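First come two forms of one protein chain, each written alone as structure tokens, so that there is a structure 1 and a structure 2.
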Structure 1
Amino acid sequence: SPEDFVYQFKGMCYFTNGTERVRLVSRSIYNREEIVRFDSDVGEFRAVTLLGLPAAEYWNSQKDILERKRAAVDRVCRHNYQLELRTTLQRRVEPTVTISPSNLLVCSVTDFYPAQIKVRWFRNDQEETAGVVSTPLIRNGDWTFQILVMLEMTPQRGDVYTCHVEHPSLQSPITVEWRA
């Protein structure tokens, strides 16, 4: 097994309520150890481990570097968010909903974007939660998600099972039914 030395630099922006609240954190990472970061909430570089101490000290001592980092939340984060508003944040892809038995009923909700979604199982007129487990969101990697939501059931005569799906790409819920 050959040895590898890894370095990572991440320029991260955290957005809440549009650009009302924006937090910038740039992280310098040796192998998997974050060693220095600039957090706009703090307003200077802070070493995270001893390895990053001379970097932080050196970077903080340059007033111009500091002033540029402090302005990065507006120059970089708020600026790019304006591009996201016209593109990524408008992307809408409508989920497909399918019910299949594996007893155990599986509702597959596939090919949607964005991530915000709510899947519910009903037996007759009532929501089932006790016997329901959902996968976490599964990222397809091509800007769509899917999710599997499973229902443990003991089907009696006349039972009607409904998988109910709410998502920002739909004006109304999608409903698919299944009977034993």
Structure 2
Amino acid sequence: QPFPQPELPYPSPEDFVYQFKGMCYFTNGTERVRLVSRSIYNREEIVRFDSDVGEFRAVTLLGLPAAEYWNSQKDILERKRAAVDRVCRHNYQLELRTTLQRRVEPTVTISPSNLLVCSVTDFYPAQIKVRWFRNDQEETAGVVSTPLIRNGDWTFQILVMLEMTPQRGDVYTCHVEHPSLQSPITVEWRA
């Protein structure tokens, strides 16, 4: 007797590709750092070095000859095992001085589209919190937000829409919190 959920009614050229990715994963600053170098044929990862395992491992049969040769050279292995510090942790020190220092305050604009669009644009980093208010009560049921949008120029944007029915004296507020802001930005809209 499984109980199910109901739905409710609505109101050519040939190409051969090779990739190598020297990736670093950071959690809690440099406390937890993981290095994963990936060798990829077309879209198939064939061999990788994961600093958590400490040796080359073939991901598919295509990568096995590479993994054996590289693992046979202990000089190569020792330099790969040190790369989590020599590359990842070393480069993170540069990021702390640059990319992780980058603070671009968002521009907050409200424009009608019974639908209010609060545009939160040109901000960095990604962490953001946007809320809608009708007077003193937060609006959530009639709110739809886009996902975080990556512009590709080291800025993000996000659009938060609110369906509303204006009354006399109604004040709608878009509330934005961002790490670059000393205090949250609030923008009001009146009919």
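Take the two forms, find the largest set of C-alpha atoms that superpose within 1.5 Å, and that set is the rigid core. Numbering runs along the sequence of structure 1, starting at 1.
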Of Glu44, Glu152, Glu67, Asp111, the one whose Cα moves 2 Å or more between the two structures after core superposition: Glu152
Core-aligned CA displacement of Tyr161 at least 2 Å between the two structures: yes
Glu34 C-alpha shift between the two structures of 2 Å or more, rigid core reference: no
Between the two structures, how far the Cα of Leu170 shifts once the core is aligned, in Å: 0.2
Shift in Å of the C-alpha at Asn140 between the two structures after core superposition: 1.1
